[PDB]
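The block underneath contains the structure these notes are about, expressed in structure tokens.
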Amino acid sequence: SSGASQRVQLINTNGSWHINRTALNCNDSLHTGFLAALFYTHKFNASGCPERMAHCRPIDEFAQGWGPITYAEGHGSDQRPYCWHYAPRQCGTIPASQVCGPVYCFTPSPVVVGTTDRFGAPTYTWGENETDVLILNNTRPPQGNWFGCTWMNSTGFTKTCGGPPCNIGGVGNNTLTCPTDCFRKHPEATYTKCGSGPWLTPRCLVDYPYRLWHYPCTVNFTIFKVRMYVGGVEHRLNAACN
Amino acid sequence: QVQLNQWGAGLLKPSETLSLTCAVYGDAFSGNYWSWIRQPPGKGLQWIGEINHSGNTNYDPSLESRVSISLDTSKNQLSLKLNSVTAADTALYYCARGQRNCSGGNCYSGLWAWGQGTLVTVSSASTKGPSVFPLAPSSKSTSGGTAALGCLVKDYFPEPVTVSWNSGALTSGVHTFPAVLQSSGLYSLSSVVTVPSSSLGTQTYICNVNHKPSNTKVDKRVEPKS
Amino acid sequence: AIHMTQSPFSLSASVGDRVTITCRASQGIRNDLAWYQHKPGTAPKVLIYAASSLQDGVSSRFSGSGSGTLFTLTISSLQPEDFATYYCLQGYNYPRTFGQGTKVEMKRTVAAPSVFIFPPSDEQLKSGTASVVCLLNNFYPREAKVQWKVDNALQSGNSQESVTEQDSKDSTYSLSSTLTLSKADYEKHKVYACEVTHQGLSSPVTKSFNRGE
Ligand SMILES: *[C@@H]1O[C@H](CO)[C@@H](O[C@@H]2O[C@H](CO)[C@@H](O[C@@H]3O[C@H](CO)[C@@H](O)[C@H](O)[C@@H]3O)[C@H](O)[C@H]2NC(C)=O)[C@H](O)[C@H]1NC(C)=O
Ligand SMILES: *[C@@H]1O[C@H](CO)[C@@H](O[C@@H]2O[C@H](CO)[C@@H](O)[C@H](O)[C@H]2NC(C)=O)[C@H](O)[C@H]1NC(C)=O
Ligand SMILES: *[C@@H]1O[C@H](CO)[C@@H](O[C@@H]2O[C@H](CO)[C@@H](O)[C@H](O)[C@H]2NC(C)=O)[C@H](O)[C@H]1NC(C)=O
Ligand SMILES: *[C@@H]1O[C@H](CO)[C@@H](O[C@@H]2O[C@H](CO)[C@@H](O)[C@H](O)[C@H]2NC(C)=O)[C@H](O)[C@H]1NC(C)=O
Ligand SMILES: *[C@@H]1O[C@H](CO)[C@@H](O[C@@H]2O[C@H](CO)[C@@H](O)[C@H](O)[C@H]2NC(C)=O)[C@H](O)[C@H]1NC(C)=O
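Just so you know, the sequences run in chain order D, A and B.
The first sequence begins at 404 in PDB author numbering and counts up by one.
Under PDB author numbering, read the second sequence as residues 1 to 82, 82A to 82C, 83 to 100, 100A to 100H, 101 to 215, first letter to last.
The third sequence begins at 1 in PDB author numbering and counts up by one.
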């Protein structure tokens, strides 16, 4: 339960965010360590970033949207999470065994979500308990908790949830399902209305420590401190941009 | 989409202490507040009290005298406790997660994540299974090509009773009525189904009553009366 | 204590109408108001918070307006799923106080009740008591009167009705009144008449049975 662990000297504050709450379920070398568990096991992204990023588009490509904004529960065949226009599935509860590394969620600012049983109480088993789970269920904040989450699964692929995104309408089958700010293609698809993950705009994702892991081809990116407002609350946060 | 989970014993006798818990999924974050709501039967929603990110609370002045809400951040569990409970505390108790933010001057609150409810019957009665008499179809109950028959589920406590017909086969035209609290303290539910006149002698109509708080099962066969 | 009064308590509307329930504050509550949707069986939903914002994925029909002492929820075209009870709620004051709720039923053509009278079972009379059930089936509107005449003796106190929630599909209410007399009293009298007055009846109907039939 409570590691009381004797004493520590300096001026103190609270209990904070624990590491044991990280699901290290990683089936490519298991681990000799923890940094070991994540690199020499799973994320083997070497240099294919030019042609991985090839399958993504500028926002200009997509069909202009008519009329009123709706929400899409389709998410189908859209399977390139490193592109800004990935239309993700709304967040469910994902069992701890399918996660390698920490899970980050975005009230646009990033926060860690830890392992827990199906009744919401934190578990500190490094997610190796079977009943451990990552309860990611989301609702768009000013009221819910976050616009979306990104994490890495047991074979090291990045996978994201959030939203659900917006059906801004469109002319043809070459049409956009907006997971971010879009007021280019439709003048009401802002991040607060359609943002479904870290992607602040088509070309800026929220900087966070495992941004280099989950979205690896944004290494070369430039980091900016930007304000944002989410139903009244001020968010100041770094964005990796290009 | 986020939905909460409520636990706790729901049947009370007067002067006990009601004590629910509620798993608000997710850590306490700045501005988050959690609150308890009750719906006494026939009345509207009624506010009990809130506890927020800071640990301090507003209650209803009626219940301050004997209520209390905490938030055990260790298990991400909300707690409601009502003391010296009265039989009038019978209601449906909801727990709700919400966010309250202030843009300087003005502020807004709202509850975006909810429990499922917990019916709490407080009544000095003891859990008694029902007596299920038939409501036999007759000419005075038959008019048309449409005859009506049913089961009167009588004198049970506490509230939750379920009636199904022909063991869940019979779907169409059934009305299971809202139970009533007779002056004894027990309840009288009544479930009727209208069936084709022509089929009264030849199709068999069983009603299947279940009062789970006493582990009572009853399958009364309802048939015509001469 | 800031008292919210909500209007109207009941309201009947068709699918396609504009519907404007409102909610007035005893004193100014700024605009800390919130609108919730309640359907029997489910938890409440927030639709509107801060009196004018739309919660994520609450339909465009739902417009919230007002500030100060006077707030509206407005539905654009009523949808079948929208038929529920709506309560306002202010988050500005020490005791959070609701409105009374507005139950929004569906309008339909007048239906007359089909009254059947069920006589007490012999299974029951052996336990010492008698239950006479009077069913009023699939009628609209909801208002009705059921009275018991035991040999023309109008009763009171010994009758208990309860009415279904409107049908989700045919919009018809149904009511069941239950006389309960002891065996000894039920044995005294002959006629058990359940008299029903409803708007769909041109003049009141009575179903009845004699204690032998
Ligand atoms: C996060 O979201 C997921 C999916 O929206 C939630 O899982 C869902 O949990 C509900 C709980 O009521 C399940 O409904 C139940 O389904 C069973 C099926 O037999 C039925 O018998 C019950 O009466 C009830 O209708 C729902 O099926 C389930 N969906 C999935 C895909 O598992 C999850 O609970 C959410 N976590 C939260 C809000 O903490
Ligand atoms: C996280 O898990 C590790 C598992 O070992 C815990 O480390 C152990 O802690 C207990 C008491 O706290 C010691 O008796 C062991 O010798 C520790 N082993 C080590 C240092 O590897 C650690 O305490 C857990 N963190 C918490 C507080 O949950
Ligand atoms: C993994 O978590 C589960 C709970 O989700 C643990 O199982 C519980 O253990 C306690 C110990 O007293 C029991 O009282 C509960 O009844 C158990 N849960 C149920 C209902 O099965 C489990 O111990 C944890 N880790 C493992 C598998 O060792
Ligand atoms: C981790 O996530 C990736 C996300 O795509 C999963 O990879 C897919 O796996 C399915 C089923 O085996 C295949 O049909 C797809 O073609 C795969 N997609 C790609 C692009 O590789 C992977 O299986 C997941 N690992 C798990 C679930 O542990
Ligand atoms: C990040 O930028 C660096 C420099 O632009 C890229 O790394 C170099 O790539 C060249 C090929 O043009 C190699 O010959 C060098 O050896 C690399 N240098 C180092 C030190 O890495 C790198 O590929 C960029 N990453 C991405 C994702 O594009």
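Virtual Cβ for every residue (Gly too), placed ideally from N, Cα, C.
Under 8 angstroms from the C-beta of residue i: neighbouring residues of chain A
i                : result
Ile538 (chain D) : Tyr25, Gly26
Residue i: contacting residues in chain A (beta-carbon distance under 7 angstroms)
i                : result
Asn415 (chain D) : Result: empty, since nearest Cβ-Cβ is about 18 angstroms, beyond 7 angstroms.
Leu135 (chain B) : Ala137, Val181
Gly551 (chain D) : Per Cβ cutoff of 7 angstroms: no residues; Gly551 (chain D) is ~14 angstroms from chain A at best.
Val636 (chain D) : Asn98
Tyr192 (chain B) : In chain order: nothing, as chain A lies at least about 10 angstroms away.
Neighbouring residues, chain B, relative to residue i (Cβ below 9 angstroms)
i                : result
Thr542 (chain D) : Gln55, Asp56, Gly57
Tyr474 (chain D) : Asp56, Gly57
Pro511 (chain D) : Chain B residues near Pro511 (chain D): none, gap ~15 angstroms exceeds 9 angstroms.
Close-in-space but distant-in-sequence residues of the same chain around residue i (CB under 8 angstroms, 5 per side omitted)
i                     : result
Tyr194 (chain A)      : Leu138, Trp154, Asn155, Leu159, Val182, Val184, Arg210, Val211, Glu212
residue 217 (chain B) : Outside the shown range of chain B (1 to 213) lies residue 217 (chain B), about which nothing can therefore be said.
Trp420 (chain D)      : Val515, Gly517
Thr178 (chain B)      : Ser131, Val132, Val133, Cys134, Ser159, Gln160, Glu161
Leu73 (chain B)       : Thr20, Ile21, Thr22, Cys23, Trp35, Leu47, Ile48, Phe62, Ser63, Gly64, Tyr86, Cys88
Residue j beta carbon less than 9 angstroms from that of residue i
i                : j                 : result
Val502 (chain D) : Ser557 (chain D)  : yes
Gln493 (chain D) : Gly565 (chain D)  : yes
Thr180 (chain B) : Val146 (chain B)  : no
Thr164 (chain B) : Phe166 (chain A)  : yes
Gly470 (chain D) : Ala490 (chain D)  : no
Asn540 (chain D) : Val2 (chain A)    : yes
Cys22 (chain A)  : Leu100H (chain A) : no
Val24 (chain A)  : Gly523 (chain D)  : yes
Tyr173 (chain B) : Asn138 (chain B)  : yes
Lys13 (chain A)  : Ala114 (chain A)  : yes
Cβ neighbours of residue i in the same chain (closer than 6 angstroms, five flanking residues each side left out)
i                : result
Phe98 (chain B)  : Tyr87, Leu89
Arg639 (chain D) : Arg630
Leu135 (chain B) : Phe116, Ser176
Within chain A, partners of residue i - CB distance below 9 angstroms
i                     : result
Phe83 (chain B)       : Simply none; closest approach about 18 angstroms.
residue 259 (chain B) : One cannot answer for residue 259 (chain B) here, as it falls past the ends of chain B, which runs 1 to 213.
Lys207 (chain B)      : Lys129, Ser130, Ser132
Other residues of its chain near residue i: CB distance less than 7 angstroms, five sequence neighbours each side excluded
i                : result
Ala51 (chain B)  : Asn31, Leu33, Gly64, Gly66, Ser67, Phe71
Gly530 (chain D) : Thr425, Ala426, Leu427, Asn428, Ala499, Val502, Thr518
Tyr49 (chain B)  : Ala34, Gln55
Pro484 (chain D) : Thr561, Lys562, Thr563
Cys620 (chain D) : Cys452, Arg455, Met456, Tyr485
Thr578 (chain D) : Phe465, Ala466
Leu124 (chain A) : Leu138, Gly139, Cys140, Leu141, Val181, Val211
Chain B residues whose Cβ lies nearer than 8 angstroms to that of residue i
i                 : result
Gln546 (chain D)  : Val46, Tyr49, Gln55, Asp56
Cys100D (chain A) : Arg30, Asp32, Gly91, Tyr92
CA-to-CA distance, residue j to residue i, given in whole angstroms
i                     : j                : result
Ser172 (chain A)      : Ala85 (chain A)  : 15 angstroms
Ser114 (chain B)      : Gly44 (chain A)  : 31 angstroms
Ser404 (chain D)      : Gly559 (chain D) : 31 angstroms
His589 (chain D)      : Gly468 (chain D) : 5 angstroms
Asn641 (chain D)      : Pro40 (chain B)  : 46 angstroms
residue 217 (chain A) : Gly8 (chain A)   : Since the first residue of chain A shown is 1 and the last is 215, residue 217 (chain A) is not available in this structure.
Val152 (chain A)      : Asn197 (chain A) : 5 angstroms
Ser186 (chain A)      : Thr83 (chain A)  : 49 angstroms
residue 294 (chain A) : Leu71 (chain A)  : Residue 294 (chain A) lies beyond the stretch modelled for chain A, which goes from 1 to 215, so this question has no answer here.
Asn98 (chain A)       : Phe550 (chain D) : 18 angstroms
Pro545 (chain D)      : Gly635 (chain D) : 8 angstroms
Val411 (chain D)      : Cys581 (chain D) : 50 angstroms
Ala475 (chain D)      : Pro568 (chain D) : 6 angstroms
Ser599 (chain D)      : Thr583 (chain D) : 6 angstroms
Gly200 (chain B)      : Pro141 (chain B) : 8 angstroms
Listed by chain order, chain B residues near residue i by CB distance under 7 angstroms
i                : result
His164 (chain A) : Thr164, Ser174
Chain-ordered neighbours of residue i on chain D, where CB pairs are closer than 8 angstroms
i               : result
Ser60 (chain B) : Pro471
(request) Name, going along the chain, the residues of the region 124–135 of chain A whose beta-carbon falls closer than 9 angstroms to a beta-carbon of chain B. (result) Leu124, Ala125, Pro126, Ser127, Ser128, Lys129, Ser130, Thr131, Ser132, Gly133, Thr135
(request) Scan the region 50–67 of chain A for residues whose Cβ lies nearer than 8 angstroms to a Cβ of chain B and list them as they occur along the chain. (result) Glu50, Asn58, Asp60, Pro61
(message) Short of 8 angstroms Cβ to Cβ, which residues in the region 518–534 of chain D face chain A?
(response) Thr519, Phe522, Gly523, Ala524, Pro525
(request) Return the residues of the region 452–480 of chain D that lie within a Cβ-Cβ distance of less than 9 angstroms from chain B, sorted by chain order. (result) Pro471, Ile472, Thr473, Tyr474
(message) So if I threshold CB-CB distances at 9 angstroms, which residues from the region 97–117 of chain B count as touching chain A?
(response) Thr97, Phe98, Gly99, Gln100, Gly101, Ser114, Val115, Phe116, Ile117
(request) Could you please tell me which residues of the region 101–123 of chain A, in chain order, have their CB closer than 8 angstroms to any CB of chain D? (result) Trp101, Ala102
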